[PDB]
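Scroll down for the structure; my scribbles are underneath it.
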Amino acid sequence: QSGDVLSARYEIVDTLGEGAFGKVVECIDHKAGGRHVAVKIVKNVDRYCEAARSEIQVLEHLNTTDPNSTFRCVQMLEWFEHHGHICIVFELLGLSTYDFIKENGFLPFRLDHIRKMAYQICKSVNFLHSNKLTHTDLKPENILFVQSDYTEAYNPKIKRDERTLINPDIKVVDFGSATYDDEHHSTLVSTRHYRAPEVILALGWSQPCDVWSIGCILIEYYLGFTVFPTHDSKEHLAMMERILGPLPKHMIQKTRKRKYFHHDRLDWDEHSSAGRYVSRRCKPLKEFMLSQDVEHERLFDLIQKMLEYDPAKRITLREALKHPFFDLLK
Ligand SMILES: Cn1cc(-c2cncnc2N)c2ccccc21
């Protein structure tokens with residue numbers, strides 16, 4: 001729907017992202033010199049309208065507490081209605097971290113970039129957690145670069161051109177599923193590959209489910225692919241057990257998802273075809289490390305701690321923010 005105009009000032013010029021909820025488009029602002037903004041145009045459908053209203057209340061709250069985006073939540077500039085669609089105007093950001101890695105052929109991010117991006121992500125999400133909020137849908141498509149500018153450094157190992165990030169500063173976007181401690185918790189949150197085990201087993205969740213998501217995100221940034229290449233719940237659990245060891249017995253006894261379990265163990269045949277697929281694609285976590293130098297070890301020590309099964313034992317983002325992995329940033 002390009003060349004179209006919203007609120008009589010925002011001319012659509014391009015589509016930046018598409019979603020369950022609707023789309024995000026790039027607009028010229030005819031009333032602000034023509035400089036460009038992002039506009040999230042939400043579907044004309046209850047569940048998405050309520051998510052948009054909820055997102056707007058969350059952002060108003062965060063903009064008020066942190067109007068300078070010290071904690072790197074995306075800045076909402078205004079909102080309105082148009083042919084019944086909720087429209088949210090945001091600062092124009094660059095590419096998502098997913099789209100960047102994709103455009104770069106699924107080459108992983110350099111470890112110094114991961115360091116910084118992970119710090120910022122943990123700072124942002126901890127700010128949410130300090131304000132009684134759980135984001136619930138952290139993933140690379142929701143971490144965006146402030147400006148996604150690169151240079152064209154040739155590398156002879158890959159023997160092929162690659163893109164290096166001028167500046168890897170990010171923002172966290174998408175607060176449509178963000179949930180307060182006191183509000184109703186959805187039964188199923190997160191995108192599947194970033195989804196914590198307590199969510200899969202329907203044990204209830206809070207702030208620690210976002211930490212699991214972040215652990216998964218950092219693994220993708222480091223490898224360039226997910227360690228959970230699945231679309232099935234029980235397999236996904238089988239992949240966790242292969243990467244992280246058995247699930248804790250008390251999580252298994254607490255669950256009502258009995259279909260996944262036989263006696264009090266995961267009902268999984270390692271000799272099935274799905275069993276071979278898991279064994280082939282997944283292996284103990286630390287075996288994914290590309291080097292043994294201590295910086296890589298500390299990343300993986302943090303990763304491991306983020307991917308603690310028991311949400312009560314999982315590391316908090318407060319603790320994460322002082323992890324040895326982050327020192328080289330001072
Ligand atoms: C490219 N892009 C995507 C989103 C966005 C926001 N909320 C849910 N999903 C999204 N894809 C976004 C927000 C501000 C600026 C640019 C943006």
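Counting begins at 1 with the first residue displayed.
This entry, so its header tells us, was determined using X-ray crystallography, 2.0 Å.
Heads up, the Cβ atoms here are built off N, Cα and C, so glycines get one too.
The C-beta environment of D137 (active site, proton acceptor), restricted to residues of the same chain at least 6 apart in sequence and closer than 8 Å, consists of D174, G176, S177, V189, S190, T191, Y194, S213. Look at Swiss-Prot and you will find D137 tagged as active site, proton acceptor, backed by sequence analysis.
Cβ contacts within 10 Å of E18 (ATP binding site), excluding its own Cβ and spanning all protein chains shown: 10. DSSP classifies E18 (ATP binding site) as strand under the three-state reduction. Per Swiss-Prot, ATP binding site is recorded for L16, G17, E18, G19, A20, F21, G22, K23, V24, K40, and the stated evidence type is sequence analysis.
Residues or ranges marked as domain 'Protein kinase' by Swiss-Prot: 10-326.
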Fewest-neighbour residue among binding-site residues, criterion Cβ within 10 Å, set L16, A20, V24: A20
Additional residues around ATP, ordered along the sequence, whose Cβ is within 8 Å of the centroid of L16, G17, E18, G19, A20, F21, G22, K23, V24, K40: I41
Three-class DSSP secondary structure - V24 (ATP binding site): strand
Binding-site residues near ligand 1 among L16, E18, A20, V24 (Cβ under 6 Å): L16, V24
